[PDB]
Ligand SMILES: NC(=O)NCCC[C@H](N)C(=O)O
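Next up: just one chain, as C-alpha cells, the form solved without citrulline.
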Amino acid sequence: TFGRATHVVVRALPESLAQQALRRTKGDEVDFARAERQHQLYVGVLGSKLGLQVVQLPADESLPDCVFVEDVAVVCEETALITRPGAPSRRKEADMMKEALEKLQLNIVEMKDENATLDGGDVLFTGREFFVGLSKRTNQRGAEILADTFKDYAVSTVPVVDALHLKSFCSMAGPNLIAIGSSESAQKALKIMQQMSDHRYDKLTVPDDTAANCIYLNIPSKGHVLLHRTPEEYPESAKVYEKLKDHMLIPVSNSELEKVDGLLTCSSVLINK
C-alpha cells in the first residue's frame, strides 16, 4: 500500500546550523531553540503519535545541514540510493545515513559518479513513478543514476525554476494525489510532470507553495495520515487540507527551518520494512 512506513530516520540539529543560517536568512533570523522544539514535536508525531520506529542519528557539528536527511537518501521498496548532494559541504552526511540504512537491512546503492549530484528533496515518488527536479542541486547524471537504481520505475525530469527543490512546491498528499502550489513555476512544473506521465494524477492545489510540501503516511492503526503546515503559518492552505475528510490531519510547525529552505519532508527518510 502506497505511503506505508514502519521506520523513519531523522537526525538532530547541530549548533553549527545557526552559524551557517546567518548567510541564508532572507529576513528574520533563525531561533535555534525554537527550531529544536519544532524538531522534537516533528519526531514526536512520527514516533509516539504514529508509532513508527525512530532511528535518531546524532548531530555532527561539522555538518550544519545534517538535520535534512531527506537530501542524502531516496528509499524505494527494499532499496536505498545514497545520494551525492549538490552542496559539497553535505557529502559526509552520507556516511552515517549509509550505516543507518544498512542496519535497516536495505539494499544499498551509492551515487559515486563524481559528475553526478542529486538531492532527495528534488525527488517526488508518486508510488507509480519518479519525477526528478533538475535544479542547482540535482543534475541529469544524478537523475540517470536514480533511474538505474530503481529499474522497475519510470523516471522523468522537470526543470526547477525559482525554487531550491522540486518539492519546494509539491509532494504527495495521498494515493494518486499530488499537493501542488499555485505559483507560475509550480503550475508549469505540474503541467510538465502530467505531460510526461501516461497516468492521470489528481491534485490538491494550495495558495502557498511552501505549504504544498507535506508528508503523507498510510498507518494501519489510523488510515490516511497527512502532516501539513499549521493554520498559524499558512491559514489559506490549511483550509484546503481540511477538505480531506478521510485523512487524519496533523498540523506541524516548521517556521524556523523554513527560513533556511528546510520544509516538512526534508527532515525524515521513511522506510517500509
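A residue's number is simply how far along the shown sequence it sits, counting from 1. We call the rigid core whatever largest set of C-alpha positions still superposes within 1.5 Å between the two forms. Shifts are known only where both forms have a C-alpha.
Just so you know, the form solved in complex with citrulline exists too; it's not on screen, but the next bit is about it.
In summary, among the residues 260, 252, 10, 13, the only one with a non-hydrogen atom within 4.5 Å of citrulline in the bound PDB entry is 260. Annotated contacts: 54, 229 and 256 are all free of citrulline in the bound PDB entry [non-hydrogen atom within 4.5 angstroms]. Under a 4.5 angstroms non-hydrogen atom cutoff, citrulline in the bound PDB entry lacks residue 269 among its neighbouring residues. By the criterion of a heavy atom within 4.5 Å, residue 208 is excluded from the residues contacting citrulline in the bound PDB entry. Citrulline in the bound PDB entry comes within 4.5 Å of a heavy atom belonging to residue 121. Under a 4.5 angstroms non-hydrogen atom cutoff, citrulline in the bound PDB entry has residue 164 among its neighbouring residues. Partner contact region in the bound PDB entry: 69 to 77, out of 69 to 77, 104 to 112, 186 to 194, 146 to 154, criterion any non-hydrogen atom within 4.5 Å of citrulline. Contact annotation for 83 to 113: a single residue, 90, has a non-hydrogen atom within 4.5 angstroms of citrulline in the bound PDB entry.
Residue shifts between the shown form and the other one, rigid core superposed: of 21, 250, 13, 10, the only C-alpha displaced by 2 Å or more belongs to 21.
Between residue 30 and residue 24, the Cα spacing is larger in the bound PDB entry than in the shown form, differing by no less than 3 Å. Between the C-alpha atoms of residue 33 and residue 25, a gap widened by no less than 3 Å is obtained in the bound PDB entry, as opposed to the form on display. Identified as moving between the shown form and the other one on the superposed core is the stretch 21 to 26 alone, made of at least three consecutive residues whose Cα atoms shift by 2 Å or more.
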